[PDB]
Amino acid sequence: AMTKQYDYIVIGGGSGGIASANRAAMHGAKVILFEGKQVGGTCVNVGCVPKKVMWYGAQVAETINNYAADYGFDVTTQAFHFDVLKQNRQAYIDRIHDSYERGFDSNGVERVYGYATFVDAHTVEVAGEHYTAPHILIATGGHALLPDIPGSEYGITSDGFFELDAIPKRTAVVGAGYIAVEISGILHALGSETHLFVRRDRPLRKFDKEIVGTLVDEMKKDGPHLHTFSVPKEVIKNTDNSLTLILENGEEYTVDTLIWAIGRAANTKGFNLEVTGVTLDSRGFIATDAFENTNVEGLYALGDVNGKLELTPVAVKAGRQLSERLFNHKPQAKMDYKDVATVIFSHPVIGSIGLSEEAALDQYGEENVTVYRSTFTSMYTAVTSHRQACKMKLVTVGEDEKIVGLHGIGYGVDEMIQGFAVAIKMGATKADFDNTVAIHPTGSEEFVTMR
């Protein structure tokens, strides 16, 4: 069987691969995409989408349990059917799969649902057939890490969290990143006795400290039990099938399910990447330049596998810009990785753009940083017996007070950030914010009324 020629081969049908394959096809490239598991990759199947559906479920629980009575509603929960939530979650995800397949047909992207293995730098094997192209994108994503301790195998990862068919009575979540925080918040809201174990002082250690302080204070009021300076030593499986987590400090916790959310690493093994000559960086990600080029001409890498910024919209935009470059004659087209906004679906949620106050002071010096901050109680919660704080801040630099960081935590913050991210990308200053008329009554107006 002769080797099949293509203009572009995309390895991975996740956010990055789909985005790049579709854009290449829209510019006339003969493109083929390979996916060894399910279309949509991590975000659609075991990431952002199912996480957000579950977060909405947690919002519903909070409404019923914490706020309804104070708005006059005397309600009783006859039962909670996790299976109903999961079936509706999966039906939504299946519709997303269908949409991607309709998109490939429309754009003319060929795809084979099979695992791709390199034969040489410009050739891969899938289901026994060989395929070659002068352009090959490695968009293979990452995977969850497991600690190297006795009993590590008794824990599950975020993938296993989505495989659950019921809320465990008691759950341990180990980790200090956004995934650990999100999962632990959802589990607590949905009724699990939830314990969050962070290795050092607090979760989200690199985030703005003032904002994370409120996260910690609110979790204490309504959230998982937080255990600081908690370093896992071992996990024991007891006779009754429960798990006991043993920490280096000697403390022990018994739970039904234990979730490792300690980090993610690049998917670089199992597909004969070594024959390509592609170099990895010191953290194990595929090394790339500003244009997603590996060290080998005709091989590119983007999305989670390049380690730059593990977010769906980053993979999508980088993938689209690469295709603009390779197939639409734009040698300068590339991803802009600066001031990318994020939202962490904690409870309450955190929204962030740019530098923390700590990073700004480190970079610019205390004499050149001016911080504006507003702290209040979200109106939604203010009238109830479960009042919740909201903290917002603008980190500015220089005489013209250019906004280099914007952060908030509180009810509704998840939908506030995107617009401000446009303004920050345009170089907004405090004056630009002052020139904007507030929208009342909203939480978002507090960002433009600080003084």
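Position 1 is the first residue in the sequence shown; the rest follow in order.
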Could you check the entry and say whether 253-261 or 236-244 has the higher mean CA B-factor?
236-244
Residue stretch of maximal mean CA temperature factor, 135-143 vs 358-366
358-366
Taking the Cα B-factors listed in the entry, which of 27, 407, 425, 52 comes out highest?
27
Per the PDB entry, which option out of 305, 318, 149, 215 has the greatest Cα B factor?
149
So, residue 187's CA B-factor, relative to its chain, sits in which third? The middle
Where the record places residue 336 (Cα B-factor, split into thirds across the chain):
middle
Residue 418, C-alpha B-factor rank within chain (lowest, middle or highest third):
lowest
Considering only modelled residues of the same chain, in which third does the CA B-factor of residue 57 rank: lowest, middle or highest?
lowest
Lowest, middle or highest third - CA B-factor, residue 37:
highest
